[PDB]
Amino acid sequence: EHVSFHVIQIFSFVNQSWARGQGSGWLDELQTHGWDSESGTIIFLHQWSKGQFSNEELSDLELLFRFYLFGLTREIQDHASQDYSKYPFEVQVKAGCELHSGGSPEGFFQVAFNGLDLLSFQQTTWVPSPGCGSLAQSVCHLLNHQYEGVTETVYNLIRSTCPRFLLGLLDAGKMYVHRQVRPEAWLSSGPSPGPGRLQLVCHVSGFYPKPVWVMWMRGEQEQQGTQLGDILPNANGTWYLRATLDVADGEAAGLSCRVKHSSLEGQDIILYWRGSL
């Protein structure tokens, strides 16, 4: 059961002197933190988002993030090529940690530039991305050579602070992250597959955790044509799934949607396709 925490940053320079920034913290796919640029502070999205850290550790982290953003803007100006050609551009930073089954922490700090890998932080050095070229090497040279504790602070943050906080988060959020939410299901007609054909859609909405089983059935026979859509997020942390089946007109009768979920405790949801009295 690998679990992960990511701090992500997105910032776009529209031109040489104007940039937008955005940042958030994610426990797996659950957003746990936002960032308020206009005070440079963490937005704790849940009661438990402090995840066992003291106010002192968290404000230290805030100060760290602010020093980081300050250094980032100062350096981006002093080493920007400044020609309008290189604008607009967008940087993405994904930093954080993944805790493996046995407890082994793995840190990461990856950066993309215009949606392409730019560089990551492996062991103790900034590795430029292979597919990228001289921008990657320039940034890595700056980070490996012309800085102080920047590299070592990143190391401790992603290798020690982050797994500690990740675990604190899971623990403080145990009643949320371990909850069960019963889905509801309903049937609809989807986009016509063709003349004389129907698209049966079984919507399953509002389940958590994410593992769900949905099939179109004829009694106990699973219909082979069933397609599962993407498991899509709902607001307030549940999931949504469409299971669809194209069938001939005249072969729809008898088909049912069957939904299994950990929250249903054996009592599968069964909905029979109707469409005509």
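All residue numbers refer to positions in the sequence shown, first residue = 1.
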If you average the CA temperature factors as listed in the entry, which stretch comes out higher, 212-220 or 35-43? 35-43
Of 117-125 and 191-199, the stretch with the higher mean C-alpha B-factor in the deposited entry is 117-125
Comparing C-alpha B-factors across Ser104, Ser205, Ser134, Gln180 in this entry, the winner is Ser134
Entry record, C-alpha B-factors for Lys174, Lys94, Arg74, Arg164; the maximum is at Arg74
Position of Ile270 among the chain's modelled residues by C-alpha B-factor, lowest, middle or highest third: lowest
When the modelled residues of the chain are sorted by Cα temperature factor, does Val3 land in the lowest, middle or highest third? middle
Chain-relative C-alpha B factor for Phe89 (record values, thirds): the middle
Would you mind ranking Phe109 by its C-alpha B-factor against the rest of the chain and naming the third, lowest, middle or highest? middle
Which third of the chain does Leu170 land in by C-alpha B-factor: lowest, middle or highest? middle
